[PDB]
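Written out below as structure tokens is the structure these notes cover.
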Amino acid sequence: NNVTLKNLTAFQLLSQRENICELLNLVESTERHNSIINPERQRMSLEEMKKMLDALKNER
Amino acid sequence: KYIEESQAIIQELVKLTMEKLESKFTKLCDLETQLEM
Amino acid sequence: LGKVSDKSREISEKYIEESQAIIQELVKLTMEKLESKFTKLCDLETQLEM
């Protein structure tokens, strides 16, 4: 919750290193990439959108 | 496909919601004018 | 450098897909917010009529 010079430099360096290691394909981030996408959450949100759209369609 | 269907659905949903809210606003404005009178 | 550029291009495409997904979920959340505020609007209209 506190930000010092050490924390800032470490954060920036970590981001840079992660990006570069991803360029060389030296990292497997399936867990993060599927917790952010979360296809289950995608299906849930899609069904919620469909239900809301049907509700708006039938009120007329 | 998946995201494409979601995009079409989102377009339609947003359109309908905007129309509904604008109608509500018009009604509220008329009622406010009557209240002022 | 050309192969580096092409690989980075594919990675950028991956990330724009990710951002599309995030934007869709944001749209859903804002829809819920608007529904709640619409109920609030109905209550306010009742008060004005009173």
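Identifiers in this document derive from the order of the structure tokens: chains are assigned A, B, ..., residues are numbered from 1 separately in each chain, and ligands are numbered from 1 in order of occurrence.
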
### Task
At a cut-off of 10 Å, list the chain C residues touching chain A, using only C-alpha atoms, as a VMD selection string.
chain C and resid 4 to 5 7 to 8 11 15 17 to 22 24 to 25 27 to 29 31 to 32

### Task
Restrict the distance test to only C-alpha atoms, flag each residue of chain B within 10 Å of chain C, and return the flagged residues as a PyMOL selection string.
chain B and resi 3+6-7+10+13-14+17+20-21+24-25+27-28+31-32+34-35

### Message
Report, in Å with one decimal, the straight-line distance from atom CA of residue 2 of chain C to atom CA of residue 17 of chain A.
### Response
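If I compute the distance from atom CA of residue 2 of chain C to atom CA of residue 17 of chain A, I get 21.3 Å.
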
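For the pair atom CA of residue 12 of chain B and atom CA of residue 40 of chain C, the interatomic distance is 23.9 Å.
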
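Taking atom CA of residue 18 of chain B and atom CA of residue 44 of chain A as endpoints, the distance between them is 23.3 Å.
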
### Query
DSSP on the backbone: what in chain A comes out helix (DSSP H, G or I), as a ChimeraX atom specification?
/A:5-23,30-37,39-58

### B:37, B:9, B:22, B:15 ranked by distance to chain A, top pick (using only C-alpha atoms)
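Selected residue with least distance to chain A: B:9.
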
### Task
Check the smallest atom-to-atom distance from each of B:16, B:26, B:1, B:33 to chain A using only C-alpha atoms, then report the winner.
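Among B:16, B:26, B:1, B:33, it is B:16 that comes nearest to chain A.
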